[PDB]
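What's in run_21.cif: mmCIF, C-alpha atoms
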data_my_file
loop_
_atom_site.label_atom_id
_atom_site.label_comp_id
_atom_site.auth_asym_id
_atom_site.auth_seq_id
_atom_site.Cartn_x
_atom_site.Cartn_y
_atom_site.Cartn_z
CA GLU H 619 51.12 -122.91 -49.45
CA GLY H 620 50.42 -120.09 -51.90
CA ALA H 621 52.86 -117.23 -51.42
CA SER H 622 52.55 -114.59 -54.14
CA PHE H 623 54.47 -111.65 -55.61
CA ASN H 624 52.21 -108.84 -54.42
CA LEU H 625 55.06 -106.38 -55.03
CA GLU H 626 54.46 -102.78 -56.05
CA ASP H 627 56.47 -101.42 -58.98
CA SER H 628 56.67 -105.02 -60.17
CA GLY H 629 57.51 -103.99 -63.72
CA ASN H 630 60.13 -101.55 -62.44
CA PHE H 631 61.89 -104.18 -60.33
CA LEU H 632 61.73 -106.72 -63.17
CA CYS H 633 63.21 -104.21 -65.65
CA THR H 634 65.94 -103.32 -63.16
CA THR H 635 66.75 -107.03 -62.84
CA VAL H 636 66.88 -107.29 -66.64
CA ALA H 637 69.28 -104.33 -66.69
CA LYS H 638 71.48 -106.04 -64.09
CA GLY H 639 71.64 -109.10 -66.33
CA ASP H 640 70.90 -111.46 -63.43
CA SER H 641 69.47 -114.28 -65.53
CA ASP H 642 68.87 -116.72 -62.67
CA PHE H 643 67.19 -114.06 -60.52
CA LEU H 644 64.77 -113.13 -63.31
CA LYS H 645 64.11 -116.81 -64.00
CA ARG H 646 63.24 -117.37 -60.34
CA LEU H 647 60.85 -114.39 -60.27
CA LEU H 648 59.28 -115.65 -63.49
CA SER H 649 58.87 -119.15 -62.05
CA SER H 650 57.22 -117.65 -58.97
CA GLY H 651 54.71 -116.05 -61.34
CA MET H 652 55.82 -112.43 -61.70
CA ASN H 653 53.85 -110.91 -64.55
CA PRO H 654 56.49 -109.88 -67.14
CA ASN H 655 54.08 -107.56 -68.98
CA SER H 656 54.14 -104.89 -66.26
CA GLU H 657 55.16 -101.43 -67.47
CA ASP H 658 57.24 -98.61 -65.92
CA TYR H 659 57.30 -94.81 -65.78
CA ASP H 660 58.69 -95.16 -69.31
CA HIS H 661 55.87 -97.68 -69.90
CA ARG H 662 58.21 -100.49 -70.99
CA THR H 663 57.91 -104.14 -70.04
CA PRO H 664 60.97 -106.15 -68.97
CA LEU H 665 60.90 -107.58 -72.48
CA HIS H 666 61.22 -104.02 -73.79
CA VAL H 667 64.44 -103.61 -71.80
CA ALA H 668 65.76 -107.03 -72.82
CA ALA H 669 65.11 -106.29 -76.50
CA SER H 670 66.83 -102.91 -76.29
CA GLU H 671 69.73 -104.46 -74.37
CA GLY H 672 70.06 -107.34 -76.83
CA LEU H 673 69.69 -109.85 -73.97
CA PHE H 674 68.42 -112.76 -76.05
CA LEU H 675 68.43 -115.28 -73.17
CA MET H 676 66.48 -113.07 -70.75
CA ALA H 677 64.12 -112.61 -73.69
CA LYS H 678 63.67 -116.38 -73.98
CA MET H 679 62.79 -116.58 -70.29
CA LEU H 680 60.36 -113.66 -70.62
CA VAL H 681 58.81 -115.34 -73.67
CA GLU H 682 58.31 -118.58 -71.74
CA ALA H 683 56.64 -116.50 -69.04
CA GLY H 684 54.53 -114.76 -71.67
CA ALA H 685 55.76 -111.15 -71.82
CA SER H 686 54.18 -109.37 -74.77
CA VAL H 687 56.60 -108.56 -77.58
CA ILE H 688 54.03 -106.36 -79.37
CA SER H 689 53.21 -104.12 -76.40
CA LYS H 690 53.69 -100.46 -77.30
CA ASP H 691 55.58 -98.17 -74.93
CA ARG H 692 55.38 -94.36 -74.62
CA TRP H 693 56.90 -93.97 -78.10
CA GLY H 694 55.24 -97.10 -79.50
CA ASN H 695 58.56 -98.98 -79.46
CA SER H 696 57.37 -102.55 -79.05
CA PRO H 697 59.98 -105.13 -77.95
CA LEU H 698 59.99 -106.32 -81.58
CA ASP H 699 61.12 -102.79 -82.59
CA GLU H 700 63.76 -102.54 -79.80
CA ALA H 701 65.19 -105.91 -80.98
CA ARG H 702 65.61 -104.56 -84.56
CA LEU H 703 67.22 -101.42 -83.03
CA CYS H 704 69.72 -103.68 -81.15
CA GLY H 705 70.17 -105.88 -84.28
CA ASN H 706 70.20 -109.35 -82.72
CA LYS H 707 68.60 -111.13 -85.68
CA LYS H 708 68.19 -114.36 -83.68
CA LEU H 709 66.44 -112.43 -80.91
CA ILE H 710 64.22 -110.72 -83.48
CA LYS H 711 63.40 -114.07 -85.12
CA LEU H 712 62.31 -115.68 -81.86
CA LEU H 713 60.26 -112.57 -81.08
CA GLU H 714 58.55 -112.76 -84.49
CA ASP H 715 57.58 -116.37 -83.84
CA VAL H 716 56.18 -114.99 -80.59
CA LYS H 717 54.40 -112.24 -82.51
CA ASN H 718 52.54 -114.74 -84.68
CA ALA H 719 51.72 -116.63 -81.49
CA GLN H 720 50.28 -113.44 -79.97
CA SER H 721 48.40 -112.44 -83.13
CA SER H 722 46.83 -115.91 -83.20
CA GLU D 619 77.23 -85.99 -39.89
CA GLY D 620 77.45 -85.82 -43.69
CA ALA D 621 75.02 -88.65 -44.35
CA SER D 622 75.11 -90.05 -47.88
CA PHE D 623 72.22 -91.77 -49.63
CA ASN D 624 74.18 -94.77 -50.96
CA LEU D 625 71.13 -96.05 -52.85
CA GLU D 626 71.53 -98.49 -55.73
CA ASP D 627 70.59 -96.97 -59.11
CA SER D 628 69.30 -93.87 -57.31
CA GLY D 629 68.27 -92.20 -60.57
CA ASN D 630 65.72 -94.96 -61.11
CA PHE D 631 64.44 -94.34 -57.58
CA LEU D 632 63.87 -90.67 -58.38
CA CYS D 633 62.16 -91.62 -61.65
CA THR D 634 59.83 -93.97 -59.75
CA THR D 635 59.27 -91.14 -57.26
CA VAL D 636 58.20 -88.86 -60.11
CA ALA D 637 55.91 -91.59 -61.45
CA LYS D 638 54.54 -91.87 -57.91
CA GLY D 639 53.79 -88.14 -58.19
CA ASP D 640 54.52 -87.56 -54.49
CA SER D 641 56.16 -84.14 -54.72
CA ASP D 642 56.97 -84.22 -50.99
CA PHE D 643 59.35 -87.18 -50.96
CA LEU D 644 61.21 -85.98 -54.05
CA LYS D 645 61.43 -82.48 -52.54
CA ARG D 646 63.06 -83.90 -49.42
CA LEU D 647 65.29 -86.10 -51.61
CA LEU D 648 66.73 -83.22 -53.61
CA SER D 649 66.82 -81.03 -50.50
CA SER D 650 68.95 -83.82 -49.02
CA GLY D 651 71.11 -83.71 -52.16
CA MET D 652 70.26 -86.98 -53.96
CA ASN D 653 71.86 -86.74 -57.42
CA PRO D 654 69.02 -85.59 -59.70
CA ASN D 655 70.71 -86.00 -63.09
CA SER D 656 71.42 -89.71 -62.45
CA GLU D 657 69.92 -91.72 -65.31
CA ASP D 658 68.25 -95.12 -65.33
CA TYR D 659 68.59 -98.37 -67.33
CA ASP D 660 66.82 -96.60 -70.20
CA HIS D 661 69.24 -93.66 -69.76
CA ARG D 662 66.32 -91.49 -68.61
CA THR D 663 66.63 -88.86 -65.90
CA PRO D 664 63.75 -88.02 -63.57
CA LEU D 665 63.61 -84.86 -65.68
CA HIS D 666 62.81 -87.22 -68.55
CA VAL D 667 59.86 -88.72 -66.67
CA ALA D 668 58.51 -85.39 -65.43
CA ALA D 669 58.90 -83.78 -68.86
CA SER D 670 57.16 -86.71 -70.56
CA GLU D 671 54.32 -86.32 -68.05
CA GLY D 672 54.42 -82.51 -68.19
CA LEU D 673 54.77 -82.43 -64.41
CA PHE D 674 55.92 -78.83 -64.22
CA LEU D 675 56.18 -78.50 -60.43
CA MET D 676 58.20 -81.64 -59.66
CA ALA D 677 60.31 -80.97 -62.76
CA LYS D 678 60.93 -77.44 -61.45
CA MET D 679 62.03 -79.04 -58.18
CA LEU D 680 64.51 -81.21 -60.09
CA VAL D 681 65.85 -78.13 -61.90
CA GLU D 682 66.31 -76.43 -58.53
CA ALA D 683 68.39 -79.49 -57.69
CA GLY D 684 70.10 -79.13 -61.08
CA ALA D 685 70.06 -81.96 -63.61
CA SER D 686 71.39 -82.25 -67.17
CA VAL D 687 68.82 -81.18 -69.76
CA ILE D 688 71.20 -82.05 -72.62
CA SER D 689 71.64 -85.67 -71.46
CA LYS D 690 69.72 -87.84 -73.92
CA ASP D 691 68.06 -91.22 -73.35
CA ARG D 692 67.74 -94.72 -74.83
CA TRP D 693 66.29 -93.12 -77.99
CA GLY D 694 68.45 -89.99 -77.91
CA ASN D 695 65.87 -87.71 -76.27
CA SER D 696 66.98 -85.02 -73.82
CA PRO D 697 64.67 -83.88 -71.00
CA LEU D 698 63.89 -80.89 -73.21
CA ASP D 699 63.02 -83.38 -75.95
CA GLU D 700 60.66 -85.12 -73.52
CA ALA D 701 59.09 -81.74 -72.74
CA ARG D 702 58.60 -81.20 -76.48
CA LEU D 703 57.02 -84.66 -76.74
CA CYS D 704 54.60 -83.71 -73.97
CA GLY D 705 54.15 -80.28 -75.53
CA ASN D 706 53.99 -78.61 -72.10
CA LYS D 707 54.88 -75.16 -73.38
CA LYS D 708 55.09 -73.96 -69.77
CA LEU D 709 57.55 -76.77 -69.05
CA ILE D 710 59.08 -76.41 -72.51
CA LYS D 711 59.75 -72.75 -71.69
CA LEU D 712 61.24 -73.66 -68.31
CA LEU D 713 63.55 -76.30 -69.77
CA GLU D 714 64.53 -73.96 -72.61
CA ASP D 715 65.57 -71.34 -70.06
CA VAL D 716 67.59 -74.07 -68.36
CA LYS D 717 69.04 -74.91 -71.78
CA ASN D 718 70.04 -71.26 -72.21
CA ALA D 719 71.92 -71.50 -68.91
CA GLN D 720 73.39 -74.87 -69.97
CA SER D 721 74.67 -73.32 -73.20
CA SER D 722 77.35 -71.70 -71.05
CA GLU G 619 23.16 -89.43 -44.50
CA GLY G 620 22.97 -87.10 -47.51
CA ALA G 621 25.27 -84.48 -46.01
CA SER G 622 25.91 -81.64 -48.46
CA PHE G 623 28.82 -79.23 -48.69
CA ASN G 624 26.71 -76.29 -49.93
CA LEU G 625 29.87 -74.28 -49.34
CA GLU G 626 29.80 -70.63 -50.33
CA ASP G 627 32.09 -69.80 -53.26
CA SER G 628 32.39 -73.54 -53.90
CA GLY G 629 33.70 -72.89 -57.40
CA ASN G 630 36.56 -70.82 -56.02
CA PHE G 631 37.16 -73.51 -53.41
CA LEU G 632 37.67 -76.28 -55.97
CA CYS G 633 39.82 -74.06 -58.19
CA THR G 634 41.92 -73.24 -55.12
CA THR G 635 42.20 -76.98 -54.46
CA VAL G 636 43.33 -77.39 -58.08
CA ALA G 637 45.92 -74.67 -57.51
CA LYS G 638 47.21 -76.44 -54.38
CA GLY G 639 47.70 -79.65 -56.35
CA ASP G 640 46.17 -81.88 -53.67
CA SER G 641 44.91 -84.84 -55.68
CA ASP G 642 43.76 -86.42 -52.41
CA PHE G 643 41.59 -83.46 -51.41
CA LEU G 644 39.95 -82.95 -54.80
CA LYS G 645 39.35 -86.69 -55.22
CA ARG G 646 37.80 -86.69 -51.74
CA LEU G 647 35.58 -83.69 -52.45
CA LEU G 648 34.55 -85.20 -55.76
CA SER G 649 33.85 -88.75 -54.56
CA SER G 650 31.86 -87.26 -51.68
CA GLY G 651 29.67 -85.55 -54.28
CA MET G 652 30.85 -81.98 -54.82
CA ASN G 653 29.61 -80.57 -58.12
CA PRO G 654 32.55 -80.26 -60.56
CA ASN G 655 30.56 -77.91 -62.82
CA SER G 656 30.52 -75.09 -60.25
CA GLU G 657 32.40 -72.16 -61.77
CA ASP G 658 34.50 -69.55 -59.99
CA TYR G 659 34.03 -65.75 -59.82
CA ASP G 660 35.49 -65.61 -63.35
CA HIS G 661 32.91 -68.15 -64.55
CA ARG G 662 35.75 -70.70 -64.68
CA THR G 663 35.22 -74.33 -63.79
CA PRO G 664 37.96 -76.12 -61.85
CA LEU G 665 38.45 -77.92 -65.17
CA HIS G 666 39.61 -74.59 -66.61
CA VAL G 667 42.42 -74.11 -64.09
CA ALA G 668 43.30 -77.81 -63.91
CA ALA G 669 43.57 -78.14 -67.69
CA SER G 670 45.70 -74.99 -67.82
CA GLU G 671 48.06 -76.39 -65.17
CA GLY G 672 48.46 -79.79 -66.81
CA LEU G 673 47.02 -81.89 -63.94
CA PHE G 674 46.19 -84.89 -66.13
CA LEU G 675 44.80 -87.24 -63.48
CA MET G 676 43.16 -84.32 -61.64
CA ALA G 677 41.34 -82.97 -64.69
CA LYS G 678 40.43 -86.54 -65.66
CA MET G 679 38.74 -86.96 -62.27
CA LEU G 680 36.99 -83.63 -62.68
CA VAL G 681 35.63 -84.45 -66.15
CA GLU G 682 34.62 -87.97 -65.07
CA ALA G 683 32.43 -86.43 -62.39
CA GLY G 684 30.80 -84.17 -64.98
CA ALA G 685 32.86 -80.98 -65.34
CA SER G 686 32.08 -79.96 -68.90
CA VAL G 687 35.07 -79.53 -71.21
CA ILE G 688 32.88 -77.36 -73.45
CA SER G 689 31.84 -74.89 -70.71
CA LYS G 690 33.26 -71.48 -71.61
CA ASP G 691 34.79 -69.06 -69.11
CA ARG G 692 34.34 -65.30 -68.76
CA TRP G 693 36.64 -64.82 -71.77
CA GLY G 694 34.83 -67.57 -73.67
CA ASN G 695 37.51 -70.22 -73.16
CA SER G 696 36.64 -73.86 -72.43
CA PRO G 697 38.83 -76.22 -70.37
CA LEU G 698 39.94 -77.42 -73.77
CA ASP G 699 40.99 -73.85 -74.60
CA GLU G 700 42.91 -73.53 -71.33
CA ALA G 701 44.77 -76.70 -72.31
CA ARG G 702 45.50 -75.52 -75.88
CA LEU G 703 46.78 -72.13 -74.68
CA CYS G 704 49.23 -73.82 -72.29
CA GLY G 705 49.20 -77.48 -71.32
CA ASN G 706 50.01 -81.06 -72.31
CA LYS G 707 49.25 -82.58 -75.71
CA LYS G 708 48.05 -85.83 -74.14
CA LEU G 709 45.85 -83.89 -71.70
CA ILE G 710 44.48 -81.84 -74.60
CA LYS G 711 43.76 -85.18 -76.26
CA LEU G 712 41.90 -86.56 -73.23
CA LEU G 713 39.83 -83.38 -72.99
CA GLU G 714 39.09 -83.58 -76.73
CA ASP G 715 38.18 -87.28 -76.45
CA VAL G 716 35.55 -86.65 -73.80
CA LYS G 717 34.48 -83.32 -75.34
CA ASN G 718 33.75 -85.03 -78.67
CA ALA G 719 30.86 -86.74 -76.88
CA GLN G 720 30.03 -83.73 -74.68
CA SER G 721 29.69 -81.15 -77.46
CA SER G 722 27.22 -83.44 -79.27
#
Rewrite the structure from the file as structure tokens, please.
Amino acid sequence: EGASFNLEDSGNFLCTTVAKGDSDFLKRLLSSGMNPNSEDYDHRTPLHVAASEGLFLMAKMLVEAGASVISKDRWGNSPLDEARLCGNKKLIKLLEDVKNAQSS
Amino acid sequence: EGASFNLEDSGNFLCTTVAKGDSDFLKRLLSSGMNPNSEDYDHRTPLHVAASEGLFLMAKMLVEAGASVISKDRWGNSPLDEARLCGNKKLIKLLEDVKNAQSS
Amino acid sequence: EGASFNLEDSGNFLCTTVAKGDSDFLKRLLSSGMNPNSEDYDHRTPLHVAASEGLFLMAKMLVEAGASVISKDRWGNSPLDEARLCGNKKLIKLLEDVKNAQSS
């Protein structure tokens, strides 16, 4: 019928869900069409939070949705950077494949 | 009747309130006693948000409530560090006075 | 219908609005058509006071309408100078960004 996520603070709620670790919940929002590039007061996408947290699997879901891994936050800490900070080399590798995808 | 907020991740709610900029609701929140220092998924207090935005009045309100200015964040930045990032020397001065109190 | 404020001491009125911090009221005055350039008794634009305070969105509105960031006050201080004396680095940067065009 065409129901839509017209939710305010969409990025905030998505990032809170990422913090909770509720993988299925985030996947359902992402399937509904929640934009995963929305920022917060700290100007960080849900992918920012996943990269900092080291949540590789939430990061895969966000990547399938299309969350930007190069988007700069307040401090310029792109999700690529946060991933290196966490040190999940597999997460970083998938995000670099995504970064070439974005750059293309 | 001793009503308690009992709000999930209340610190994030106060941070979103600061990002909203609506001084009124935050004023009533802290006047009702909602824990100001409470951090967020990114370990950021509402002091962090206000100091990053240089929002001297709402930040002053939060100080009147009383929140940790030594508590750092996801990147090890205290609310005073966020004030320095903003460069709000008015707010920097305020938070440094609070830091002088927090020394003891 | 072309209704005009023509309010006496209009400069002082908008600087008082800036002092109040009512983003709604100043946005409403300014969208209605109130001249942002109008200076106060001290030859200060509302941009002067707003830039000094740190009201990022407020001063951004004011400059968008036409409040000159180069206009000097009684002491020969522009809204830029009010920001540099005490204000926010990012707000100083916005004022400088627009003033780079304005001064030339």
Between CA of residue 700 in chain D and CA of residue 666 in chain G, what is the spacing in Å?
24.5 Å
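Comparing H:716, H:637, H:687, H:710 by their smallest distance to chain D, the closest is H:637 (using all atoms listed in the file).
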Using all atoms listed in the file for the distances, tell me which of H:659, H:676, H:647, H:720 is nearest to residue 633 in chain D.
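Residue with the minimum atom-to-atom distance to residue 633 in chain D: H:659.
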Carefully work through the PyMOL selection byres ((chain H and resi 650) around 12) for this structure and note down the residues it includes, as a ChimeraX atom specification.
/H:620-624,643-649,651-654,683
Keeping only C-alpha atoms, write the selected residues to a file as a compact mmCIF listing (two decimals), in the frame of the given file.
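Result file follows (again20.txt):
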# COMPACT_ATOMS: atom_id res chain seq x y z
CA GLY H 620 50.42 -120.09 -51.90
CA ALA H 621 52.86 -117.23 -51.42
CA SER H 622 52.55 -114.59 -54.14
CA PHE H 623 54.47 -111.65 -55.61
CA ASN H 624 52.21 -108.84 -54.42
CA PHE H 643 67.19 -114.06 -60.52
CA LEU H 644 64.77 -113.13 -63.31
CA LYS H 645 64.11 -116.81 -64.00
CA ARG H 646 63.24 -117.37 -60.34
CA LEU H 647 60.85 -114.39 -60.27
CA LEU H 648 59.28 -115.65 -63.49
CA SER H 649 58.87 -119.15 -62.05
CA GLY H 651 54.71 -116.05 -61.34
CA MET H 652 55.82 -112.43 -61.70
CA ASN H 653 53.85 -110.91 -64.55
CA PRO H 654 56.49 -109.88 -67.14
CA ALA H 683 56.64 -116.50 -69.04
Separation of CA of residue 704 in chain D from CA of residue 671 in chain G, in Å and rounded to one decimal
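Calculated distance between CA of residue 704 in chain D and CA of residue 671 in chain G is 13.2 Å.
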Counting all atoms listed in the file, find the residues whose atoms lie at most 12 Å from (49.3, -79.5, -82.8) (file coordinates) and write them out as a list in words.
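I get residues 702, 703, 704, 705, 706 and 707 of chain D; 701, 702, 703, 704, 705, 706, 707, 708, 710 and 711 of chain G for the residues within 12 Å of that point.
Of the residues listed (D:667, D:625, D:698, D:673), D:673 shows the shortest atom-to-atom separation from chain G; distances use all atoms listed in the file.
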Chain H residues near chain D within 12 Å, closest pair each, using all atoms listed in the file, as CSV:
residue,atom,partner,partner_atom,distance
H:626,CA,D:634,CA,11.0
H:627,CA,D:634,CA,8.2
H:628,CA,D:634,CA,11.5
H:629,CA,D:634,CA,11.0
H:630,CA,D:634,CA,8.0
H:631,CA,D:630,CA,10.0
H:632,CA,D:659,CA,11.6
H:633,CA,D:659,CA,8.1
H:634,CA,D:659,CA,7.0
H:635,CA,D:659,CA,9.9
H:636,CA,D:659,CA,9.1
H:637,CA,D:659,CA,6.0
H:638,CA,D:659,CA,8.8
H:639,CA,D:659,CA,11.2
H:657,CA,D:637,CA,11.6
H:658,CA,D:634,CA,8.1
H:659,CA,D:637,CA,5.6
H:660,CA,D:667,CA,7.1
H:661,CA,D:667,CA,10.3
H:662,CA,D:660,CA,9.5
H:663,CA,D:660,CA,11.7
H:664,CA,D:659,CA,11.0
H:666,CA,D:660,CA,10.0
H:667,CA,D:660,CA,7.6
H:668,CA,D:659,CA,10.6
H:669,CA,D:660,CA,11.7
H:670,CA,D:692,CA,8.4
H:671,CA,D:660,CA,9.4
H:692,CA,D:670,CA,8.8
H:693,CA,D:703,CA,9.4
H:694,CA,D:693,CA,11.8
H:695,CA,D:693,CA,9.8
H:699,CA,D:693,CA,11.9
H:700,CA,D:693,CA,9.9
H:703,CA,D:693,CA,9.8
H:704,CA,D:692,CA,11.1
Both chains have the same sequence, so superpose chain G on chain D over all Cα atoms paired in order and return it as a PDB file with C-alpha atoms, in the frame of the given file.
ATOM      1  CA  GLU G 619      76.294 -85.804 -40.242  1.00  0.00           C
ATOM      2  CA  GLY G 620      76.942 -86.250 -43.971  1.00  0.00           C
ATOM      3  CA  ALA G 621      74.643 -89.250 -44.321  1.00  0.00           C
ATOM      4  CA  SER G 622      74.435 -90.415 -47.937  1.00  0.00           C
ATOM      5  CA  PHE G 623      71.707 -92.337 -49.724  1.00  0.00           C
ATOM      6  CA  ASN G 624      74.102 -94.235 -52.026  1.00  0.00           C
ATOM      7  CA  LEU G 625      71.014 -96.235 -52.942  1.00  0.00           C
ATOM      8  CA  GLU G 626      71.396 -98.853 -55.645  1.00  0.00           C
ATOM      9  CA  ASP G 627      69.490 -98.034 -58.841  1.00  0.00           C
ATOM     10  CA  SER G 628      69.052 -94.497 -57.505  1.00  0.00           C
ATOM     11  CA  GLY G 629      68.171 -93.239 -60.973  1.00  0.00           C
ATOM     12  CA  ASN G 630      65.298 -95.701 -61.212  1.00  0.00           C
ATOM     13  CA  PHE G 631      64.266 -94.736 -57.688  1.00  0.00           C
ATOM     14  CA  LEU G 632      63.884 -91.039 -58.507  1.00  0.00           C
ATOM     15  CA  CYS G 633      62.118 -91.779 -61.795  1.00  0.00           C
ATOM     16  CA  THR G 634      59.744 -94.047 -59.863  1.00  0.00           C
ATOM     17  CA  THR G 635      59.184 -91.180 -57.420  1.00  0.00           C
ATOM     18  CA  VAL G 636      58.435 -88.953 -60.425  1.00  0.00           C
ATOM     19  CA  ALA G 637      55.955 -91.556 -61.651  1.00  0.00           C
ATOM     20  CA  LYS G 638      54.234 -91.643 -58.242  1.00  0.00           C
ATOM     21  CA  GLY G 639      53.783 -87.873 -58.331  1.00  0.00           C
ATOM     22  CA  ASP G 640      54.883 -87.356 -54.723  1.00  0.00           C
ATOM     23  CA  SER G 641      56.187 -83.794 -54.760  1.00  0.00           C
ATOM     24  CA  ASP G 642      56.883 -84.135 -51.030  1.00  0.00           C
ATOM     25  CA  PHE G 643      59.093 -87.205 -51.432  1.00  0.00           C
ATOM     26  CA  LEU G 644      61.120 -85.908 -54.373  1.00  0.00           C
ATOM     27  CA  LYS G 645      61.551 -82.492 -52.740  1.00  0.00           C
ATOM     28  CA  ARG G 646      62.709 -84.299 -49.593  1.00  0.00           C
ATOM     29  CA  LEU G 647      65.158 -86.522 -51.462  1.00  0.00           C
ATOM     30  CA  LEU G 648      66.457 -83.530 -53.375  1.00  0.00           C
ATOM     31  CA  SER G 649      66.822 -81.112 -50.450  1.00  0.00           C
ATOM     32  CA  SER G 650      68.566 -83.890 -48.522  1.00  0.00           C
ATOM     33  CA  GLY G 651      71.119 -84.033 -51.340  1.00  0.00           C
ATOM     34  CA  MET G 652      70.207 -86.804 -53.773  1.00  0.00           C
ATOM     35  CA  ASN G 653      71.877 -86.321 -57.148  1.00  0.00           C
ATOM     36  CA  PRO G 654      69.243 -85.305 -59.741  1.00  0.00           C
ATOM     37  CA  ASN G 655      71.597 -86.170 -62.623  1.00  0.00           C
ATOM     38  CA  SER G 656      71.514 -89.911 -61.879  1.00  0.00           C
ATOM     39  CA  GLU G 657      69.979 -91.623 -64.902  1.00  0.00           C
ATOM     40  CA  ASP G 658      67.847 -94.759 -64.984  1.00  0.00           C
ATOM     41  CA  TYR G 659      68.508 -98.107 -66.730  1.00  0.00           C
ATOM     42  CA  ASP G 660      67.452 -96.395 -69.981  1.00  0.00           C
ATOM     43  CA  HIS G 661      70.001 -93.621 -69.383  1.00  0.00           C
ATOM     44  CA  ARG G 662      67.054 -91.346 -68.534  1.00  0.00           C
ATOM     45  CA  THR G 663      67.279 -88.699 -65.852  1.00  0.00           C
ATOM     46  CA  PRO G 664      64.247 -88.142 -63.622  1.00  0.00           C
ATOM     47  CA  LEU G 665      64.023 -84.885 -65.581  1.00  0.00           C
ATOM     48  CA  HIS G 666      63.215 -86.986 -68.654  1.00  0.00           C
ATOM     49  CA  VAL G 667      60.179 -88.673 -67.102  1.00  0.00           C
ATOM     50  CA  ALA G 668      59.078 -85.588 -65.161  1.00  0.00           C
ATOM     51  CA  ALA G 669      59.204 -83.355 -68.237  1.00  0.00           C
ATOM     52  CA  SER G 670      57.281 -85.969 -70.223  1.00  0.00           C
ATOM     53  CA  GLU G 671      54.571 -86.116 -67.542  1.00  0.00           C
ATOM     54  CA  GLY G 672      54.162 -82.354 -67.242  1.00  0.00           C
ATOM     55  CA  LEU G 673      55.160 -82.046 -63.551  1.00  0.00           C
ATOM     56  CA  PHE G 674      56.055 -78.354 -63.773  1.00  0.00           C
ATOM     57  CA  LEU G 675      57.013 -77.718 -60.146  1.00  0.00           C
ATOM     58  CA  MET G 676      58.604 -81.182 -59.878  1.00  0.00           C
ATOM     59  CA  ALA G 677      60.819 -80.781 -62.939  1.00  0.00           C
ATOM     60  CA  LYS G 678      61.627 -77.230 -61.822  1.00  0.00           C
ATOM     61  CA  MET G 679      62.911 -78.631 -58.519  1.00  0.00           C
ATOM     62  CA  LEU G 680      64.879 -81.288 -60.360  1.00  0.00           C
ATOM     63  CA  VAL G 681      66.562 -78.808 -62.722  1.00  0.00           C
ATOM     64  CA  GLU G 682      67.249 -76.356 -59.876  1.00  0.00           C
ATOM     65  CA  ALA G 683      69.216 -79.076 -58.120  1.00  0.00           C
ATOM     66  CA  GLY G 684      71.243 -79.690 -61.279  1.00  0.00           C
ATOM     67  CA  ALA G 685      69.417 -82.221 -63.473  1.00  0.00           C
ATOM     68  CA  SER G 686      70.637 -81.266 -66.926  1.00  0.00           C
ATOM     69  CA  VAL G 687      67.946 -80.419 -69.475  1.00  0.00           C
ATOM     70  CA  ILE G 688      70.486 -81.142 -72.223  1.00  0.00           C
ATOM     71  CA  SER G 689      71.357 -84.680 -71.033  1.00  0.00           C
ATOM     72  CA  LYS G 690      70.238 -87.126 -73.719  1.00  0.00           C
ATOM     73  CA  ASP G 691      68.582 -90.475 -73.022  1.00  0.00           C
ATOM     74  CA  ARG G 692      69.202 -93.881 -74.597  1.00  0.00           C
ATOM     75  CA  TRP G 693      67.275 -92.722 -77.683  1.00  0.00           C
ATOM     76  CA  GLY G 694      69.124 -89.401 -77.666  1.00  0.00           C
ATOM     77  CA  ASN G 695      66.260 -87.371 -76.203  1.00  0.00           C
ATOM     78  CA  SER G 696      66.839 -84.636 -73.610  1.00  0.00           C
ATOM     79  CA  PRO G 697      64.309 -83.658 -70.918  1.00  0.00           C
ATOM     80  CA  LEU G 698      63.511 -80.867 -73.329  1.00  0.00           C
ATOM     81  CA  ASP G 699      62.760 -83.490 -75.993  1.00  0.00           C
ATOM     82  CA  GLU G 700      60.515 -85.434 -73.613  1.00  0.00           C
ATOM     83  CA  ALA G 701      58.598 -82.197 -73.049  1.00  0.00           C
ATOM     84  CA  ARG G 702      58.330 -81.362 -76.777  1.00  0.00           C
ATOM     85  CA  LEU G 703      57.119 -84.875 -77.651  1.00  0.00           C
ATOM     86  CA  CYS G 704      54.332 -84.638 -75.054  1.00  0.00           C
ATOM     87  CA  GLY G 705      54.050 -82.003 -72.350  1.00  0.00           C
ATOM     88  CA  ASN G 706      53.153 -78.418 -71.456  1.00  0.00           C
ATOM     89  CA  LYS G 707      54.193 -75.369 -73.473  1.00  0.00           C
ATOM     90  CA  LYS G 708      55.031 -73.404 -70.326  1.00  0.00           C
ATOM     91  CA  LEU G 709      57.056 -76.342 -68.978  1.00  0.00           C
ATOM     92  CA  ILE G 710      58.848 -76.615 -72.325  1.00  0.00           C
ATOM     93  CA  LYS G 711      59.556 -72.903 -71.936  1.00  0.00           C
ATOM     94  CA  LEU G 712      60.994 -73.298 -68.426  1.00  0.00           C
ATOM     95  CA  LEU G 713      63.200 -76.164 -69.598  1.00  0.00           C
ATOM     96  CA  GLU G 714      64.332 -74.070 -72.584  1.00  0.00           C
ATOM     97  CA  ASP G 715      64.997 -71.052 -70.338  1.00  0.00           C
ATOM     98  CA  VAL G 716      67.353 -72.979 -68.086  1.00  0.00           C
ATOM     99  CA  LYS G 717      68.770 -75.048 -70.971  1.00  0.00           C
ATOM    100  CA  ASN G 718      69.762 -71.872 -72.835  1.00  0.00           C
ATOM    101  CA  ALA G 719      72.339 -71.353 -70.084  1.00  0.00           C
ATOM    102  CA  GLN G 720      73.091 -75.073 -69.655  1.00  0.00           C
ATOM    103  CA  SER G 721      73.877 -75.854 -73.298  1.00  0.00           C
ATOM    104  CA  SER G 722      76.397 -72.979 -73.360  1.00  0.00           C
TER     105      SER G 722
END
In Å to one decimal, how far is CA of residue 685 in chain G from CA of residue 655 in chain G?
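According to the coordinates, CA of residue 655 in chain G and CA of residue 685 in chain G are separated by 4.6 Å.
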